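Protein chains in written order, with the working numbering: chain A, 54 to 194; chain B, 19 to 82; chain C, 479 to 592; chain D, 507 to 662.
Comments concern the structure below.
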Amino acid sequence: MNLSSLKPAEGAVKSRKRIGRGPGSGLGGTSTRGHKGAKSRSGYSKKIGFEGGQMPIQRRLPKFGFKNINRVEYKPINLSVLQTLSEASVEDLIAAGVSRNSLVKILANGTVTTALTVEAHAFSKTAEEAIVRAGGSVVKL
Amino acid sequence: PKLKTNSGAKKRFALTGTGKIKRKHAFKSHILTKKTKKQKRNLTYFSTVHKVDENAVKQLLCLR
Amino acid sequence: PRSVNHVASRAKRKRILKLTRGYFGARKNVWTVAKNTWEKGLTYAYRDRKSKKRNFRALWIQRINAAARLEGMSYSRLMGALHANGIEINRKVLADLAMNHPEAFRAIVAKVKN
Amino acid sequence: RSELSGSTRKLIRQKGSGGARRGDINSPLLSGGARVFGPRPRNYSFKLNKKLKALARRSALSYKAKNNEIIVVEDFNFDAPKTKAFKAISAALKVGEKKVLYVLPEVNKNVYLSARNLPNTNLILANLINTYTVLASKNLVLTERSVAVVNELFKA
RNA sequence: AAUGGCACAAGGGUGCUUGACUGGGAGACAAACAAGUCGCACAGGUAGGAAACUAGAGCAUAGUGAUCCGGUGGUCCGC
RNA sequence: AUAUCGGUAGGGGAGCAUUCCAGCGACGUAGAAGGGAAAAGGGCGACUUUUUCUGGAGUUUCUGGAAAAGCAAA
RNA sequence: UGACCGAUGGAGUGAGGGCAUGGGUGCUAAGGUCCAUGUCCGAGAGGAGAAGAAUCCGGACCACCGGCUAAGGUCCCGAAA
RNA sequence: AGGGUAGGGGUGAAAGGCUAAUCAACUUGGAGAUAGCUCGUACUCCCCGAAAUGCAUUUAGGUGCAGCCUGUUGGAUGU
RNA sequence: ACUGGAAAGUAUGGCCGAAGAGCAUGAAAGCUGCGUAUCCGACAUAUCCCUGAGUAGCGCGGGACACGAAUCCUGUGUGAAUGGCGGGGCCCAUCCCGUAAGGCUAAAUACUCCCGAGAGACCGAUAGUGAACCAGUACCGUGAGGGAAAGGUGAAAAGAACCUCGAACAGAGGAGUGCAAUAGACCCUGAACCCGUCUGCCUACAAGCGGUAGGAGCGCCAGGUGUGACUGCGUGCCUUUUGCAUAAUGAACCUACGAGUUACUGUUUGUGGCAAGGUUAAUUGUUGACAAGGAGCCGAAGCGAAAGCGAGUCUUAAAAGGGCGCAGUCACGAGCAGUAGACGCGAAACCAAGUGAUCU
RNA sequence: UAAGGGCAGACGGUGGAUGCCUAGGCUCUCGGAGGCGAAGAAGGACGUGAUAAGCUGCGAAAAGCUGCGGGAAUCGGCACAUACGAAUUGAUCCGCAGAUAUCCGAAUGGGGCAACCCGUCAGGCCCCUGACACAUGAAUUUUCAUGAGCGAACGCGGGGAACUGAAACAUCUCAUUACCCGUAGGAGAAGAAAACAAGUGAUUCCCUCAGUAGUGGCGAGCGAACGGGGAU
Ligand SMILES: [K+]
Ligand SMILES: [K+]
Ligand SMILES: [K+]
Ligand SMILES: [K+]
Ligand SMILES: [K+]
Ligand SMILES: [K+]
Ligand SMILES: [K+]
Ligand SMILES: [K+]
Ligand SMILES: [K+]
Ligand SMILES: [K+]
Ligand SMILES: [K+]
Ligand SMILES: [Mg+2]
Ligand SMILES: [Mg+2]
Ligand SMILES: [Mg+2]
Ligand SMILES: [Mg+2]
Ligand SMILES: [Mg+2]
Ligand SMILES: [Mg+2]
Ligand SMILES: [Mg+2]
Ligand SMILES: [Mg+2]
Ligand SMILES: [Mg+2]
Ligand SMILES: [Mg+2]
Ligand SMILES: [Mg+2]
Ligand SMILES: [Mg+2]
Ligand SMILES: [Mg+2]
Ligand SMILES: [Mg+2]
Ligand SMILES: [Mg+2]
Ligand SMILES: [Mg+2]
Ligand SMILES: [Mg+2]
Ligand SMILES: [Mg+2]
Ligand SMILES: [Mg+2]
Ligand SMILES: [Mg+2]
Ligand SMILES: [Mg+2]
Ligand SMILES: [Mg+2]
Ligand SMILES: [Mg+2]
Ligand SMILES: [Mg+2]
Ligand SMILES: [Mg+2]
Ligand SMILES: [Mg+2]
Ligand SMILES: [Mg+2]
Ligand SMILES: [Mg+2]
Ligand SMILES: [Mg+2]
Ligand SMILES: [Mg+2]
Ligand SMILES: [Mg+2]
Ligand SMILES: [Mg+2]
Ligand SMILES: [Mg+2]
Ligand SMILES: [Mg+2]
Ligand SMILES: [Mg+2]
Ligand SMILES: [Mg+2]
Ligand SMILES: [Mg+2]
Ligand SMILES: [Mg+2]
Ligand SMILES: [Mg+2]
Ligand SMILES: [Mg+2]
Ligand SMILES: [Mg+2]
Ligand SMILES: [Mg+2]
Ligand SMILES: [Mg+2]
Ligand SMILES: [Mg+2]
Ligand SMILES: [Mg+2]
Ligand SMILES: [Mg+2]
Ligand SMILES: [Mg+2]
Ligand SMILES: [Mg+2]
Ligand SMILES: [Mg+2]
Ligand SMILES: [Mg+2]
Ligand SMILES: [Mg+2]
Ligand code: NA
Ligand code: NA
Ligand code: NA
Ligand code: NA
């Protein structure tokens with residue numbers, strides 16, 4: 054093609070909807086609005102959370118809980134991912150192949166079966182047991 | 019401008035892993051005694067938002 | 479950019495005004511009166527295309543009745559005899575023969591007048 | 507309506523005049539009134555992914571190469587700006603009949619001045635190649651160093 | 001109150017008692033939503049009884065009404 | 001192949017015309033646009049072609065793009 | 001038959017009415033009023049009843065100067081004894 | 001003839017009279033106030049096609065959610 | 001050379017190009033004019049030991065801070081210290097940070113009455129500024145104030161000597177100019193509503209939305225066209241309604257004008273690019289384009305109010321006894337939503353600053 | 001018989017649609033500049049031409065006067081004009097610098113119904129004239145500089161609504177908005193820790209953090225900062 058025979062992909066573009074332009078279009082007259090009432094007027098909007106005067110659900114259910122402003126959240130890395138990284142080094146925590154300046158926690162999802170030297174901020178008990186069974190090392194910092 | 023979150027909704031609702039909305043149970047009568055000890059149904063277990071009432075809590079929490 | 483379709487807008491009216499020729503008074507040339515008259519005529523034309531078949535069948539039946547009563551029979555008796563003898567000549571052909579080919583109509587009548 | 511120059515005074519009283527009820531003079535129903543939903547100043551820029559744009563550039567270059575409208579000439583310099591010299595080069599390369607795009611590796615002030623006045627010719631650096639500029643011209647003339655620059659910069 | 005039930009009584013007496021329990025809800029009824037109704041299994045330890053068994057209040061259906069903000073008794077987070 | 005195809009509110013699909021833009025093709029004082037008359041055409045339609053008179057200088061096809069993008073009643 | 005059910009995008013409606021049946025109310029009145037079960041008008045053209053929203057027959061893709069029927073009809077206006 | 005009292009302010013031998021043909025003032029601006037109300041809403045062809053009920057409501061000619069329509073889908077059962 | 005009133009048009013054939021931007025010229029010009037690329041040019045005139053007292057702090061009443069009672073401010077009443085004092089969200093202690101009651105300070109930021117150079121998938125005379133022209137004019141009002149309509153002969157005025165009718169150019173018919181005067185001053189083009197003349201056919205026994213379907217005769221230019229005796233059927237349209245010929249609403253008619261738009265943020269979907277990853281924002285370089293910018297955002301683990309544990313977790317003394325869990329991302333187009341006047345016209349009113357006692 | 005009427009065609013009238021055209025608007029970009037005025041402003045009045053001036057220009061020296069530089073044949077402004085003159089001894093025109101510049105207006109000698117009336121003192125002419133001076137407030141020492149008024153937006157400061165939303169309404173919102181008033185500069189304001197925080201290191205602005213922390217008849221709503229990346 055060139056600039057004189059441009060073509061988009063089939064179904065990529067579509068004409069917009071135009072209302073109030075006659076009977077043949079199927080969208081004239083009342084222009085998809087119905088007949089009367091509040092919803093047919095210019096400038097109508099929905100009051101969000103308004104149910105006609107009944108007590109709304111966000112007011113009749115109770116508030117619960119509190120959030121911790123000093124919350125430590127780790128990033129879950131599993132043993133199967135650790136194996137995948139190990140298969141094309143031994144000393145792990147390279148993190149350049151994945152997080153970006155965060156705390157990491159090793160969890161037990163697959164298996165290791167290979168001697169690693171995994172270093173991470175925190176570990177699971179099953180993770181440490183699996184590393185020991187595979188004949189590896191755990192460094193926690 | 020960006021859509022604003024409803025403050026009461028953000029204090030009353032939470033999201034789960036599958037995208038379901040969980041909530042606390044309001045009592046029928048909040049004066050315990052003269053109500054059967056089976057009030058653990060509304061006193062111990064978090065429930066979910068009914069599918070019919072859904073999309074309203076979503077719009078309250080900015081369709082999240 | 480600013481788009482106004484002056485020529486197309488006027489041509490649409492002029493085409494319909496060409497069809498409203500011959501009407502009475504304002505109905506021939508005054509746009510909102512002429513357009514109103516034209517569409518009612520179109521509904522009339524739709525109904526009249528249906529009623530034309532009824533009218534022409536009634537005319538054929540009346541002419542056949544006259545010719546058969548000349549021959550000494552009524553329309554209903556002649557049609558009963560024709561259907562019993564199983565000939566498939568339709569009312570338009572029978573009326574055309576009755577008005578223009580009386581010898582052929584006489585032949586048809588004599589075949590079934592047994 | 508809010509930026510017309512007429513006053514906001516009600517033109518006629520609400521009831522009793524016998525005509526249509528009227529507000530202020532800036533109404534769109536009145537001759538010389540407001541322009542409803544007219545144009546507003548706009549920014550028409552939109553975003554395409556970098557990989558999408560690179561793929562489009564490669565697609566345009568491949569279209570040219572497949573349709574056999576790419577020819578490679580030696581690098582040349584002009585001692586003085588000479589439109590006749592550039593025209594002679596174009597006629598020798600047989601790209602004077604239609605639109606042609608030259609791809610150069612460097613500035614080449616004299617060459618640019620020589621090519622400035624010719625109708626169906628365009629000049630562009632190799633590192634500034636874009637899909638529209640490639641597709642706009644019938645023929646594409648690369649130089650020896652332009653081939654190397656395009657190969658090293660727009661590869662993969 | 002009315003309706004339905006009730007003799008192996010769910011009606012009336014004595015004796016002993018605290019199950020007017022803790023942790024609970026396979027499964028259903030009903031229902032715009034909010035609310036509502038019946039009911040586990042098993043474990044801990046009891047009451048009655050020779051045992052079997054029964055007891056998570058009352059023959060059943062009315063006897064209240066959210067959220068927010070406050071009070072009281074127990075038991076994780078703030079600077 | 002069979003079946004189906006009345007429709008208000010309303011949902012869905014496919015298109016015509018208008019103004020400007022890019023690319024590619026064209027037309028015009030041997031007569032452009034506009035105005036009058038006539039003729040033909042379209043699964044169907046919005047509309048499109050052709051001839052002639054007036055007119056006396058601009059217009060148009062195809063593909064894609066963008067909207068001050070269509071009136072009978074307030 | 002085919003559209004029943006799930007999940008999702010978009011709605012409109014939330015003034016109904018007539019007839020038949022079972023009832024309440026009224027006066028065993030109302031083209032009255034309030035419910036239930038069907039149906040039609042609403043949103044439905046065509047035929048008969050002189051002329052009638054919902055009574056009887058019947059659901060209109062377009063064309064035809066072809067044929068058969070439904071309700072109801074066949075002395076003339078007006079098709080057919 | 002000249003002067004003074006200015007907006008619910010003045011003035012009123014009191015009628016809520018008069019205050020520039022305006023009185024339970026005028027001009028400009030906030031301002032395109034608000035109007036759950038009335039009216040109006042423009043090219044074409046094709047396919048499908050309702051509701052006028054329930055619950056709640058300072059609600060009753062408004063609205064929320066169900067019920068009934070439509071588009072795309074995945075299961076299958078609906079009559 | 002051709003056409004033309006007139007070539008810049010067409011067709012040949014040449015030439016310049018650091019100049020093929022443009023405007024004008026009797027039609028559309030690289031080579032006719034002014035210009036353009038490029039180079040050159042200014043007599044002046046401008047511009048470049050000491051250490052902040054009615055202080056810190058405090059009581060009462062208020063205010064600003066995102067905050068509707070920690071920090072900062074103060075109307076009222078009080079009132080120190082010289083390592084001390086202040087702050088880290090009520091209050092105390094430890095710790096950490098800082099050094100009030102004195103002052104000045106460029107850059108990166110906001111805006112356009114004005115001057116200069118440019119641009120537009122902006123308008124083209126009911127549009128675009130109210131104002132293309134005599135425009136804040138005419139007109140209206142005591143006043144503050146409100147506030148229009150109105151562009152186009154022709155290339156060139158060559159803007160019609162003279163004649164005829166007529167009292168007169170009032171107007172016209174000629175002559176003449178001109179490509180054209182049916183371009184003649186209101187002058188390009190010259191539509192509709194509305195108003196006439198001529199020609200053809202019909203019409204004075206006939207009765208309802210004015211058409212529609214049949215159908216003689218007459219009349220024109222070879223199968224088309226005008227009219228139409230006579231026959232059948234037919235209570236306009238919009239809106240609003242359970243239901244409208246309705247005696248419910250609405251319009252004198254024509255031409256022109258007139259009402260779901262745009263921005264941002266979500267969400268769903270059609271089509272695409274990458275893919276366990278996806279994508280840059282502000283901004284920065286080289287010349288709108290290429291290249292750089294990884295800050296940030298989503299995804300990649302969940303459960304629990306939380307500490308926390310983790311393909312588990314919560315409840316429990318303990319139990320699956322119960323609850324919740326065991327391919328994305330970035331765009332382009334389209335639907336919908338919210339926030340902005342948000343489909344258009346329409347109140348009665350409320351508030352602020354002014355103008356009026358020339359009437360009464 | 002058509003008095004009249006109906007339909008069609010042709011040709012006219014009226015009217016000014018449409019098409020084509022236009023420097024008159026609209027929105028911006030880049031670079032400058034960001035004031036004028038008591039040495040009298042903005043804005044006006046009255047004049048000024050060979051022929052009345054409606055605009056334009058100018059000011060009793062009045063479509064104009066002088067010098068220097070540029071330049072070379074027409075010129076004497078425009079609303080469809082003739083006359084009469086100027087000009088190669090260099091007009092007209094363009095750039096820079098000068099001269100003149102009536103009256104009102106902050107208006108400033110005193111008044112006043114703006115564009116007018118009435119004065120005093122020093123001189124000069126000659127009851128009347130032309131030319132001087134004669135205001136007020138603040139630094140100031142009666143000598144001196146400065147100020148007053150006007151004017152686009154942007155800045156800072158002093159006062160400060162209501163309609164509206166919350167489906168009523170009073171806390172709340174609209175909004176420290178509209179509006180009134182005062183006062184700068186080319187920008188203004190801010191700015192060098194009795195700071196944030198749980199190591200950074202003065203202000204200002206942009207992108208994020210984030211519709212998050214908070215706040216709120218915990219309703220409608222409102223809504224940061226730390227940190228990170230930049231401009232400087
Ligand atoms: K008992
Ligand atoms: K009858
Ligand atoms: K008959
Ligand atoms: K030229
Ligand atoms: K002409
Ligand atoms: K012309
Ligand atoms: K005419
Ligand atoms: K007729
Ligand atoms: K009426
Ligand atoms: K008086
Ligand atoms: K400063
Ligand atoms: Mg519809
Ligand atoms: Mg309509
Ligand atoms: Mg309506
Ligand atoms: Mg209604
Ligand atoms: Mg509605
Ligand atoms: Mg409104
Ligand atoms: Mg009309
Ligand atoms: Mg106003
Ligand atoms: Mg306008
Ligand atoms: Mg529009
Ligand atoms: Mg339930
Ligand atoms: Mg059908
Ligand atoms: Mg249909
Ligand atoms: Mg011609
Ligand atoms: Mg055009
Ligand atoms: Mg197109
Ligand atoms: Mg329009
Ligand atoms: Mg129109
Ligand atoms: Mg209702
Ligand atoms: Mg109802
Ligand atoms: Mg009734
Ligand atoms: Mg009855
Ligand atoms: Mg209806
Ligand atoms: Mg029906
Ligand atoms: Mg019928
Ligand atoms: Mg039969
Ligand atoms: Mg009274
Ligand atoms: Mg009066
Ligand atoms: Mg407002
Ligand atoms: Mg209004
Ligand atoms: Mg159907
Ligand atoms: Mg609904
Ligand atoms: Mg010739
Ligand atoms: Mg011409
Ligand atoms: Mg105008
Ligand atoms: Mg006379
Ligand atoms: Mg002519
Ligand atoms: Mg004309
Ligand atoms: Mg008679
Ligand atoms: Mg007769
Ligand atoms: Mg009624
Ligand atoms: Mg009727
Ligand atoms: Mg009405
Ligand atoms: Mg009327
Ligand atoms: Mg009517
Ligand atoms: Mg009208
Ligand atoms: Mg005419
Ligand atoms: Mg003098
Ligand atoms: Mg000189
Ligand atoms: Mg004075
Ligand atoms: Mg309110
Ligand atoms: Na559609
Ligand atoms: Na009074
Ligand atoms: Na006549
Ligand atoms: Na004076």
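By construction, the Cβ of each residue, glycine as well, lies at the ideal position given by its N, Cα and C atoms.
Counting along the chain, the unbroken beta strand (DSSP E) around D:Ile-577 starts and ends at 576-579.
For D:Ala-571, the closest Cβ of chain A is not nearer than 8 Å. A Cβ-Cβ separation of about 6 Å places D:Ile-531 in contact with D:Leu-517 under the 8 Å criterion. In this structure, D:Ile-635 places its C-beta atom within 8 Å of the C-beta atom of D:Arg-563. Under the Cβ distance rule, D:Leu-641 counts among the residues neighbouring chain A, one pair being separated by less than 8 Å.
The region 520-582 of chain D contains, as complete alpha helix (DSSP H) runs of 4+ residues, the segments 556-573 (chain order). Per DSSP, D:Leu-610 is one residue of the beta strand (DSSP E) stretching across 606-610. Look at A:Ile-110: its C-beta is under 8 Å from a C-beta on chain B.
Assigned with DSSP and collapsed to three states, A:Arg-71 falls in coil, not helix or strand. Note on geometry: alpha-carbon atoms of B:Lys-29 and A:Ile-101 lie some 16 Å from one another. Under DSSP, the beta-bridge partners assigned to B:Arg-41 are B:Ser-65. Collapsing the DSSP output to three states places C:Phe-583 in a helix.
The beta-carbon of B:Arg-30 is placed less than 8 Å from the nearest beta-carbon of chain A. Note on geometry: alpha-carbon atoms of D:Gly-539 and D:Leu-561 lie some 51 Å from one another. For A:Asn-131, the secondary structure class from DSSP, reduced to helix, strand or coil, is strand. A straight-line Cα-Cα distance of about 38 Å links D:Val-656 and A:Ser-139.
With respect to A:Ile-184, A:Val-191 sits close: the two C-beta atoms are nearer than 8 Å. Cβ atoms of D:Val-640 and D:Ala-566 come within 8 Å of each other, at about 4 Å. Neighbours of A:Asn-55 in chain D, taken as residues whose beta carbon is under 7 Å from its own, are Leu-641 in chain order. Neighbours of A:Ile-101 across chain B, judged by C-beta separation under 9 Å: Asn-24, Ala-74, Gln-77 and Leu-78.
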